[PDB]
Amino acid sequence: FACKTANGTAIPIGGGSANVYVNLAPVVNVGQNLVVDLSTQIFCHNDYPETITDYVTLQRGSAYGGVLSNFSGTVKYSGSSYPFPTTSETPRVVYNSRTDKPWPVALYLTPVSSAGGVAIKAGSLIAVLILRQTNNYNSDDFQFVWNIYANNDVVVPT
């Protein structure tokens, strides 16, 4: 089991960490969602589906910088929504193919009433998402840590 980003940054068997740089809608109004869909930038696969089933969760998601201060967050994982920053590990998604499958994580971030102006700074860390991989074969319990950075400013109109 291993993962890679859209630009080819890899985290190999056994886990590790990587940086993911995301383009963000440049203007987001109070009452609207800023959507950060990581399923277009993070992909994983099972290296031995003949014998092993891999299990993959969002173990935790943490907010940083302007996302922590200026947004009210929800994370959608494989079709279900939960609070973000997260309050529990999600259910498991099965990985059972050698063909890359997206990691089905999306953040939905809506501005808090106090938000206004440059609510997310370009280049800043906005989230850390911990992907936890286990299986039905051995005791493997690995963390794939995704540090998510904004590529651009996000302005909340006032």
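So that there is no doubt, residue numbering starts at 1 and follows the sequence shown.
The mean Cα B-factor in the deposited entry runs higher for 26-34 than for the other of 26-34 and 101-109. Averaged over CA atoms, B-factors in the entry run higher in 3-11 than in the other of 3-11 and 147-155.
Ranked by C-alpha B-factor against the other modelled residues of its chain, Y48 falls in the highest third. In this PDB entry, the Cα temperature factor of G65 sits in the middle third of its chain's modelled residues. Among the modelled residues of the chain, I42 sits in the lowest third by CA temperature factor in this PDB entry.
Among all modelled residues in its chain, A115 ranks in the highest third by Cα B-factor.
Sort the modelled residues of the chain by CA B factor and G73 lands in the middle third.
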